[PDB]
Structures are given as structure tokens and as C-alpha cells.
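Inspection log for the structure reproduced underneath, given as C-alpha cells.
Chain naming here is simple, since letters A, B, ... match the order of the sequence lines and numbering starts at 1 in each.
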Amino acid sequence: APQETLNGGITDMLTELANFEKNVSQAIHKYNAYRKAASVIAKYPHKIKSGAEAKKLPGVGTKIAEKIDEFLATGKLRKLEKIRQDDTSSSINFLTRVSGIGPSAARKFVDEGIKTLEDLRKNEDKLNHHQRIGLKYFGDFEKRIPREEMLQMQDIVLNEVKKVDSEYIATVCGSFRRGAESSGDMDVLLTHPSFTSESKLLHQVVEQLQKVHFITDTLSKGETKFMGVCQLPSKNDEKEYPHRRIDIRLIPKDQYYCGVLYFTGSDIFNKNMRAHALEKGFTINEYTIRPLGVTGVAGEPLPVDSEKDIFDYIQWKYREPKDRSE
DNA sequence: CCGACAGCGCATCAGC
DNA sequence: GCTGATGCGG
DNA sequence: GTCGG
Ligand code: NA
Ligand code: NA
Ligand code: NA
Ligand code: NA
């Protein structure tokens with residue numbers, strides 16, 4: 001990837017515009033438009049000279065080219081400058097960094113004078129359970145997880161799961177499975193041969209991880225998906241590890257490997273895999289792969305017993321997760 | 001000109 | 001009390 | 001905001 005000094009001013013500006021569209025204007029599609037522009041620019045290996053040069057990239061349109069011309073001539077953007085100083089919009093944008101506080105909650109809080117983390121602390125009875133946990137671990141949740149800690153976390157999850165029932169299958173996916181040096185959370189996919197698409201499995205695993213005090217908190221928990229908080233144990237007289245976000249999902253055995261593939265990513269790798277998949281006559285989603293008949297009617301799901309089976313169906317050589325950046 | 005931009009589990013709200 | 005809608009997350 | 005039918 002190009003140095004963050006080639007167009008980092010431009011991609012910083014676009015990412016900031018994206019966050020205000022998401023959190024303040026509640027315009028999720030303008031959020032993704034700015035994000036998409038930021039991404040294609042951050043990959044461009046030339047220092048951008050003008051808005052017209054940028055407009056050649058896909059995702060950069062007329063209005064962003066204009067914003068780039070203004071940023072290149074002035075070193076800022078008038079609209080961005082204004083909204084930064086705006087006490088209301090800046091507080092709304094900020095409160096959404098609390099897990100569980102989205103745009104609507106952030107708006108409501110700011111409306112009634114709740115603007116800062118301190119303000120949230122004095123108003124616990126106005127916070128639901130998830131938001132109390134997001135507040136409690138605000139700084140921890142913004143920290144990244146080095147791969148070494150991820151391995152130690154995986155060690156615990158694989159051990160305790162096998163201890164519950166040795167026939168469980170558990171896979172830590174996400175960027176950690178592709179080889180990344182750091183992670184933002186832990187995403188665990190869980191299955192069991194007793195659970196197919198036509199037939200307490202999760203609770204028992206969550207309970208054991210709480211019993212050994214790995215999982216410390218619960219944001220949500222149902223029969224197929226758990227989202228919560230965990231923390232590695234600290235070495236006697238040394239600094240305690242930050243609390244971390246961990247999700248665990250129970251997925252039917254016959255849909256497991258589609259799930260593992262999908263939740264390994266990367267996002268762009270999935271798109272061209274689906275994009276390759278349909279041109280060969282197959283429809284891949286998170287759950288299943290199916291054949292697309294002459295009219296476009298997808299038939300029944302095809303049996304899948306490993307990731308490679310999916311690659312086999314669509315005439316694609318198996319690519320290792322470390323080669324799934326795209 | 002103008003619709004798509006993913007779609008789903010869980011917590012909680014809005015309505016009845 | 002239940003059913004469906006919405007907010008939120010990743 | 002951008003793409004494209
Ligand atoms: Na363009
Ligand atoms: Na956020
Ligand atoms: Na949030
Ligand atoms: Na056993």
C-alpha cells in the first residue's frame with residue numbers, strides 16, 4: 001500500500017466526511033460512498049494532482065473531485081471545517097464511538113444535553129445494558145489486538161470448547177485467519193455434528209468460557225449468536241490485559257464451511273468469488289452454494305464438507321486464507 | 001431520471 | 001400479553 | 001455520492 005503521505009490528507013478528509021454522513025446526517029449510503037472513495041484513493045500509488053485525476057478512479061465522482069480541488073488549493077475544506085467546530089454535530093459524531101450508541105441514540109443524548117463520556121457516566125439509568133458495557137470499556141474497545149494475544153485467546157477458546165464436547169468444531173475467522181498482524185476483535189464460528197439445517201449447543205460453550213473467567217460480559221446472547229467481552233488472564237504482578245470484543249456464532253454443520261469462508265473474507269475477495277461463482281453458474285452466499293439453472297432459478301443447496309468443496313464447484317483452485325486479500 | 005447501495009440476530013421499542 | 005418495527009452491530 | 005439501467 002502507498003505511503004499514508006501521498007494522499008493521506010485527501011483520504012483523511014473523505015473518511016471524516018463519511019463519519020458525519022453516517023453518524024450525523026444518517027445517510028448510510030453517502031457514508032459508504034465516501035468510504036469507497038477513500039479506499040480507492042488510498043490504493044492509488046501516485047500523489048494526486050487534481051480532482052479530475054481522481055475522478056478517473058471508480059467511486060470518485062463529480063462532487064468529490066470538486067472537494068479535492070478545494071483541498072489541494074487551500075489545504076482544507078470549508079464544509080468540513082465548519083462541522084468540526086459545531087458543538088452539536090461533533091458531540092453526536094463522538095458519542096457513536098460508544099458500542100451500542102448509534103446515530104439515533106447519539107442524537108437523542110445530545111438533544112437533552114448528554115454530550116461527553118463524563119455526561120454518560122452521570123446518567124446510567126438512561127443507558128441500556130449494551131451501552132453501559134460500551135461505556136465501561138470505551139478505551140479498551142478502541143485498542144487493537146496484537147496477533148500474539150489473538151493466539152493466546154484462540155488457545156483458550158479451542159481448549160475450553162473441546163473440553164465441553166470434543167466433537168465441537170471451532171474456527172477463529174476474520175483477518176486473524178488470513179494472517180493479519182493485529183485484530184480489532186475475535187470472531188469464532190462454532191459447529192457440532194448434532195446440528196444440521198434440519199434438526200443449548202452455544203450456551204454450554206459460553207458458560208464454560210465464563211466459568212474459567214475468559215468471557216467477562218454479555219452484550220447479546222441467543223440460541224445461535226453470542227456477542228460479548230473477554231480478557232486474557234494477567235500474569236501475577238503485571239499490567240492487566242485490555243478487555244476485548246468477542247463474537248461466537250453457532251452455524252449448522254452443513255452450512256459451516258460457507259460461513260467460515262464468508263467470515264474469513266476479505267470483503268473484496270468475497271465479491272469476486274461470488275462474481276466468479278455466478279459466471280460459472282453458481283450462487284454463493286454466507287450459508288450455501290446453489291446452481292443457477294437456464295432461467296436463473298437456483299436449485300437446492302449443494303453438499304459442502306470443506307472450504308475446498310466450494311472452490312471445486314466453481315472451478316477455482318483453493319486459495320489459502322493468507323492469499324485472500326482480494 | 002432515479003433506484004440500488006446485504007441482509008440477519010438479538011435487544012428493545014411501538015402498536016394493539 | 002403478543003407481533004412486528006426499529007436500532008445496532010459487524 | 002456514485003454508479004448504471
Ligand atoms: Na469516477
Ligand atoms: Na461507532
Ligand atoms: Na456506537
Ligand atoms: Na468426547
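- Rounded to whole Å, atom P of B:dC8 lies 12 Å from atom CZ of A:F263.
- Rounded to an integer number of Å, the gap from A:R97 CZ to C:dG9 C1' is 17 Å.
- Using a 4.0 Å cut-off between charged side-chain N and carboxylate O, A:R78 and A:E81 make no salt bridge.
- An OP1 or OP2 oxygen of D:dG1 is reached within less than 4.0 angstrom by a side-chain nitrogen or oxygen of A:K63.
- Distances from the side chain of A:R249 to the nucleotides B:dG9, D:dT2, C:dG10 place C:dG10 closest.
- For the residue pair A:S99 and A:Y137, no side-chain donor N or O sits within less than 3.5 Å of a side-chain acceptor on the partner.
- The side chain of A:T224 lies closest to B:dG9 when the candidates are C:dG10, B:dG9, C:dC8.
- On the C1' atoms, B:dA6 is 15 Å away from C:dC8, given to the nearest whole Å.
- For A:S220, counting side-chain heavy atoms from C-beta on, the closest listed nucleotide (B:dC8, B:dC10, C:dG10) is B:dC10.
- Taking only side-chain nitrogens and oxygens, A:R245 comes nearer than 4.0 Å to OP1 or OP2 of C:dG10.
- Straight-line distance from the CZ atom of A:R144 to the P atom of C:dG10: 13 Å, rounded to whole Å.
- At a threshold of 4.0 Å, the pair A:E307-A:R324 counts as salt-bridged, since one of the basic side-chain nitrogens sits closer than that to a carboxylate oxygen.
- Taking atom CG of A:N285 as the reference point, atom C1' of B:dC8 lies 12 Å away to the nearest angstrom.
- At the heavy-atom level, A:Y262 lies under 4.0 Å from base atoms of the strands shown.
- Comparing B:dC5 with C:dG9, their P atoms are spaced 22 Å from each other, to the whole Å.
- Protein atom NE2 of A:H130 is 15 Å distant from nucleotide atom P of B:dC10, rounded to whole Å.
- Residues A:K308 and A:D312 are paired through a salt bridge, judged by an N-O separation under 4.0 Å between the basic side chain and the carboxylate.
- The shortest side-chain heavy-atom distance between A:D309 and A:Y257 does not fall under the 4.5 Å cut-off.
- Here C:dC8 is the nucleotide among C:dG10, C:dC8, B:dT12 with the atom lying nearest to any side-chain atom of A:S104.
- Each of C:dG10, D:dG1, D:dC3 was ranked by its minimum atom distance to the side chain of A:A33; first place goes to D:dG1.
- In this entry B:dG9 has C:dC8 as its Watson-Crick or G-U wobble partner, both defining distances falling under 3.5 Å.
- Heavy atoms of A:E223 sit under 4.0 angstrom from primed sugar atoms or phosphate atoms, though from no base atom.
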